[PDB]
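Those sequence lines, one after another, are chains V, L, X, Y, S, G, B, R and D.
Remember, the deposited numbering sits 1 above the position in the first sequence when you count from 1.
Remember, the deposited numbering sits 1 above the position in the second sequence when you count from 1.
Remember, the deposited numbering sits 735 above the position in the third sequence when you count from 1.
Going left to right, the fourth sequence walks through residues 1 to 5, 7 to 11 as the deposited numbering numbers them.
Remember, the deposited numbering sits 539 above the position in the fifth sequence when you count from 1.
Going left to right, the sixth sequence walks through residues 197 to 468, 476 to 490 as the deposited numbering numbers them.
Going left to right, the seventh sequence walks through residues 1120 to 1177, 1184 to 1342 as the deposited numbering numbers them.
Remember, the deposited numbering sits 671 above the position in the eighth sequence when you count from 1.
Remember, the deposited numbering sits 68 above the position in the ninth sequence when you count from 1.
The next block holds one structure in the form of structure tokens; read it before the comments.
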Amino acid sequence: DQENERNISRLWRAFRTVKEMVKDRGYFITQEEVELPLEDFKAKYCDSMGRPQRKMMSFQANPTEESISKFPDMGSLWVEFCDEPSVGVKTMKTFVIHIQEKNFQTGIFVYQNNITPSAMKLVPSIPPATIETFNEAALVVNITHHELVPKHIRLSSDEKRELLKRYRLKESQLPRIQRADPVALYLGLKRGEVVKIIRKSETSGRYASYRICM
Amino acid sequence: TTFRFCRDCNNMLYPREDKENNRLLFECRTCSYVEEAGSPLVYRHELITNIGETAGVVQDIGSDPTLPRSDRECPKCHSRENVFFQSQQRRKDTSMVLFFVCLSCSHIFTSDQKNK
Amino acid sequence: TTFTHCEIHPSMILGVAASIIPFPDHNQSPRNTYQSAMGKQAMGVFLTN
Amino acid sequence: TXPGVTXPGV
Amino acid sequence: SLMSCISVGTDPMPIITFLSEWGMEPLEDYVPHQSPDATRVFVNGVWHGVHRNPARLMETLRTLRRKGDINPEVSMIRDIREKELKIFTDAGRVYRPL
Amino acid sequence: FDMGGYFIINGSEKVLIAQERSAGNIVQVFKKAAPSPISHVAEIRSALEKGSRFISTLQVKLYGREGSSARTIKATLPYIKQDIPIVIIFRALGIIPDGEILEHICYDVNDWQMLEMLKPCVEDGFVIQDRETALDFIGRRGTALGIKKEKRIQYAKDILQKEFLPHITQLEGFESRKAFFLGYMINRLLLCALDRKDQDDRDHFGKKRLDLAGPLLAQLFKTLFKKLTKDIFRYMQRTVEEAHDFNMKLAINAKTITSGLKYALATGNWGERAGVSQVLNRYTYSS
Amino acid sequence: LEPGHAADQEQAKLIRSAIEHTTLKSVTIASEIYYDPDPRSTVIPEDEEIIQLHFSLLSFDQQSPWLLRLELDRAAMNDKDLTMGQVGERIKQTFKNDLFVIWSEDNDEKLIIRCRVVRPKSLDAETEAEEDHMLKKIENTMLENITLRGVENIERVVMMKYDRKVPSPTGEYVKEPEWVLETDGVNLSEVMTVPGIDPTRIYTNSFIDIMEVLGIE
Amino acid sequence: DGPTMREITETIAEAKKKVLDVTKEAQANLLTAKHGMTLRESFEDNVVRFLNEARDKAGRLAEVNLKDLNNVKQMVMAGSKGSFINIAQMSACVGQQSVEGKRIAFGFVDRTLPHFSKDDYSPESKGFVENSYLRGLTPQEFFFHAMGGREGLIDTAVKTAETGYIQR
Amino acid sequence: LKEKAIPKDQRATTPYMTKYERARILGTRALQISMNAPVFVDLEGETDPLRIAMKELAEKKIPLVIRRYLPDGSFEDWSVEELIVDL
DNA sequence: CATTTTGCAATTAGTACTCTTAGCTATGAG
RNA sequence: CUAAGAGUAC
DNA sequence: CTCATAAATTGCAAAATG
Ligand SMILES: [Zn+2]
Ligand SMILES: [Zn+2]
């Protein structure tokens, strides 16, 4: 039963990273849920037989007041987890229709191993609903806590306009960040949105850069 | 592995399953020469090879001048003189253990310690 | 003691240009190479005619 | 390609 | 080097005749099973045969080269571990006196 | 004090630098890189001094890595579009039985390791059990593509008589000798592959030959006199077809040899390499 | 390492064994194939004791008579935390019920792995001649396609003792020793997720892996 | 002076004795390979380390012996030219000649020169130059130093070419 | 041009003349002096055009303005008189 | 639905000096 | 004059 | 007799299958 224990430990770490990601995105997530210990997660999200379950592991998050004030165009968010190792067309279709009928603009899908190619094509739903796929294995360790990784803060549309006005920049003259970078996926960047990067420089104490998503 | 060849057409012999006696039986693939198998072993593969480290030893190996001499005890003659050379197995991970050939008895003995 | 031949003289390993160097064994080898390549640029009498 | 920059292919 | 010379090449027929007279087994009827511990004789890279007593052959070849019968530029090599005898007489080889 | 050993071309002292090259008729085995499908390559740069003096690079290559289970040894015969398996060549030369081929390649019955490595070759060539079949297989792979089915055999014979290892012999009836040499090359390749010997050092100075003025002028004059004699033959054919008078002076063109030698010595280019002939350095006696 | 177990040498050894990639090639001394007509008695006497336990502890009428025998290394089982049970379970898991595998105990004088291919109930009049080759094929993949322990692209691991500047509670900076792992080969994504190490402070020479795993910054 | 040369010779002899003992322990198979490398790699590492620290100790003895009026010592102390290694090589010991980061290789079959028997791994047989430039080099050591300097010149040419390309 | 020219009241660049600005000012002014430009400073016997330009810049008597181009194409006009030569 | 495999040439430290050789070969026809 | 080549300096 | 011509990087589109 060692494999079950290591799998449930990895799942707990992935859940912690997912909660941290959602809180970083700007939603209202309490610190207590982030710091949930192993035994509490085992008691709640794992059955008596010892097999963890995912259907009751999916949850919903809502924007906090600060994000609503700063981003008056983003609403509630949904996080889902798949049970079977291979995600089929039917389950992804059920997830996307559930997102559409529940009126969510962003829904993070978390899969075990992979997604069938016939399911990727239907992942981009009708706007403004957006579906983001994340692997549990890739979510075991939160990259943003690395000392190499600096602080990434998404800018609002007003802040981006002010930035481009003050620095006289064009869209392309900013430093680029790919819309496939692990941090860009982490914070849910869409193309055109500029992130502010706070870095602990060694010539000055703090350095602020700005990367535009491409 | 101690392979053998057919004595009828000078070709290879391959193992064959039998049903009446349920025994291994070597047979030819072009003349169907059939005989018994001395051993059940049919294939050997050496991931780590112990033989071949002393290969190339010849009765006049001492005539080679480049081969260095030594006076270590011979545990068949108790004589001093002998020729010594390192392991012939040219693998990069072989140990530098020496080998010795006595010029009187031609008994090859090494300088190992775990084996003894 | 199992020798088969003898060097006529070790100083014969050097070439024509490096046989001019005095005490080449008391020098750093790149200096010997420099002198070997530099004595061909040396000025003297190439032929008596 | 090419070579360089076979073919493709061959 | 000061004493280094380059061979000019000689006809290898006399050396082949010497080898054949001195007991070189012809390569046509060489069956390795009946002569396992045989030393292979190479002349200018052409495998010419095998010998069963390479020590005496090398000794007499050395004597003939040392008495002037064989041109001294001819180089003879006896690799005991590989059990090979290599004779080179062609031009271009660089040798030194000893 | 002047020592000689140099030429005077158009009043300039020209010396022929000793050109270093790899020796001929020596089998050299080299380990190859991991990505390449061949792990070891055994080659000979065969050449006969008393013949056409043409280079045929026979290579014996060991396909498949250490982790690969299908290790087939393939040889690169000249004028052949494919790497023919060695057993096909052995059966073509006249050695059909597996035991005879393995004896011609391996010398120790107790050396079961080499036999185990060699079993893929015989298992590959088991499809052919006849000398005529193997010669027909080679002729089918023959890149000339101008021989009928019945005569491919003969054509293959030519490939196995005058192009395969010229340094051994150019006549017939010596198929056994070339089979022995092929077995020796395969034996060297296996010994290098079985970690029983280190790969040959390319920089070993005993594996190199220095062409001095002798061999250089010899091959240059060989080419130049081939030119002159071809011109003689062309002139003879022209004057016999046109039935004009025949004269020796009108046939030979001494300008051919003279100009060829004078150009190849005046300019460093050795043909029709570079820097073979150089202006003799007269700045100092040691120079 | 994790700050709680920075100086714990045995936990560092545990982590090293957890990430060090291991293959049967580094363990198997040799491989062989034998003809055993019946899977109840073996013609080899030395390993006989093995079966007289396993057959006693335990189907057997549908097994190929060809047996694949692997002889392992005791020193390989010593320097690496590997046992006969672990490798046997690995092989059984990766080959399902199609290969019946037995192994001697660790304390036994010789480490022997014996494998037999199960026979399908349908009669085969041509597979029997070629069965041996099939076994060979299996042996080949069994040497490299599977992994006992560790994560991929990790050829070898070395454990060093570095010495860092830690702000002591009294205020100064102290030279605290630490156990650090250097790894030949880079599998940053798989190594970072391994529990017991510090996920934050992992670093790699290959900045391509850093960029594709951690980010452009 | 005489006592310092005697002490330098004693240091070289002690280092050679330690190398011989390491060679015995390797040849008697009692040597264990360091984790992460083979037996030959560890043996060569230990031999090179011992010879390097031997040359360093001999150079340190020579440098300590050099009086303050010594001109080479004066130049080194001023930092204008020279260093400790130059004093070590000129006065105490030239050291170990290395090719490709390893000791002198067996260009001939299993031996560096036809003046050494096969499989001779002693320091003198593989390029160690125990003689200072004041004392002069033996023929074999002269050749090994020539190989080392050849590697130096080749590396200089290759490095300047590659650095030029990188700079552009 | 009106859109490009940032008004003097809100120039956001350093008020100190840069080494490149000083070098080009000295070069241009020395060139003009060499081509018989009028001198706005009294001369104490100096004859080198470069030192003439230096003496002119010491008391800010050079009738030129720098047009500093921002990366977007906008420019700021800094008169040499109001630039402070500190280096 | 899942792999899979294969064949090679262009471009790659700066300057700076001196000297040597050669420029479609031979044959037809106006 | 051009091109090619060789040797050479740092 | 003289002019005119004989190391290491890259950068993939096929073709085959079950
Ligand atoms: Zn038969
Ligand atoms: Zn004895």
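Ideal Cβ positions, reconstructed from N, Cα and C, are used throughout, including at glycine.
Could you name the residues of chain X that residue i contacts, counting a contact when the two beta carbons are closer than 8 Å?
i	result
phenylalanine 814 (chain R)	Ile748
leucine 722 (chain R)	None at all; the shortest Cβ gap to chain X is about 18 Å.
Cutting at 8 Å between CB atoms, please list the residues of its own chain near residue i, excluding the five before and the five after it.
i	result
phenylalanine 581 (chain S)	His587, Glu623, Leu624, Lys625 and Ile626
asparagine 583 (chain S)	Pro551, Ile626, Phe627, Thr628 and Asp629
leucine 1207 (chain B)	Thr1141, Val1146, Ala1201, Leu1273 and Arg1274
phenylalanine 1174 (chain B)	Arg1159
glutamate 1303 (chain B)	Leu1120, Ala1125, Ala1126, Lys1286, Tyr1287, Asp1288 and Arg1289
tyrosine 1298 (chain B)	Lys1290, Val1291 and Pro1292
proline 41 (chain L)	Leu25
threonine 81 (chain D)	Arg136, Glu144 and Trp146
Give the DSSP-derived three-state secondary structure of residue i in the structure shown.
i	result
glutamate 124 (chain D)	helix
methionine 1285 (chain B)	strand
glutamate 54 (chain L)	coil
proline 16 (chain L)	strand
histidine 108 (chain L)	coil
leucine 190 (chain V)	coil
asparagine 1330 (chain B)	coil
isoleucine 1170 (chain B)	helix
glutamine 179 (chain V)	coil
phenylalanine 781 (chain X)	coil
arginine 26 (chain V)	helix
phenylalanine 557 (chain S)	helix
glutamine 101 (chain V)	helix
So, under 8 Å CB-CB, residue i and residue j are touching, yes? Tell me the CB distance rounded to an integer number of Å.
i	j	result
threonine 117 (chain V)	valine 90 (chain V)	6 Å
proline 64 (chain V)	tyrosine 28 (chain V)	5 Å
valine 693 (chain R)	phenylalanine 714 (chain R)	7 Å
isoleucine 109 (chain V)	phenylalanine 135 (chain V)	6 Å
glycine 1310 (chain B)	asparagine 1278 (chain B)	5 Å
Identify, in the order they occur along the chain, each residue of the same chain with its Cβ nearer than 6 Å to the Cβ of residue i, setting aside the five sequence neighbours on each side.
i	result
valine 436 (chain G)	none
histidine 1124 (chain B)	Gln1130
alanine 409 (chain G)	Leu212
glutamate 54 (chain L)	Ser88, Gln89 and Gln90
Would you mind telling me which residues of chain V sit closer than 9 Å to residue i, beta carbon to beta carbon, in chain order?
i	result
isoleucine 1341 (chain B)	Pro176, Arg177, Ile178, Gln179, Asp182, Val184, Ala185 and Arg212
Give the residues of chain R in contact with residue i, contact being defined as C-beta atoms less than 7 Å apart.
i	result
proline 745 (chain X)	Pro810
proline 765 (chain X)	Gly820, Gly823 and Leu824
Taking C-beta pairs closer than 7 Å, name the residues in chain L that residue i reaches, listed in chain order.
i	result
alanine 697 (chain R)	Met97
For residue i, I'd like the list of residues in its chain whose CB is within less than 7 Å of its CB, leaving aside the five on either flank, ordered along the chain.
i	result
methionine 22 (chain V)	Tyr187
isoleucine 755 (chain X)	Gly774
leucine 483 (chain G)	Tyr202, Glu209, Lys210 and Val211
Can you pull the chain G neighbours of residue i, defined as C-beta to C-beta under 8 Å?
i	result
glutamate 1301 (chain B)	In chain order: nothing, as chain G lies at least about 42 Å away.
Using the beta-carbon of each residue, which ones in chain B are nearer than 8 Å to residue i?
i	result
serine 265 (chain G)	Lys1261, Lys1262 and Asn1265
Note down, in chain order, every chain L residue with its Cβ under 9 Å from the Cβ of residue i.
i	result
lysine 393 (chain G)	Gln89 and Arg91
Please compile the residues from chain G whose C-beta is within a distance smaller than 7 Å of the C-beta of residue i.
i	result
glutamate 1269 (chain B)	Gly263
Open item on the list: Which residues of the region 62-86 of chain L have a Cβ closer than 7 Å to any Cβ of chain R? Give them in chain order.
Closed with: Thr67, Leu68, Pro69 and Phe86
- [ ] Identify each residue in the region 785-805 of chain R for which the Cβ-Cβ distance to at least one residue of chain L is less than 8 Å, and report them in chain order.
- [x] Shown in chain order are the members of the region 785-805 of chain R whose Cβ falls below 8 Å from a Cβ of chain L: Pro785, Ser788, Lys789, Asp790, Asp791 and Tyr792.
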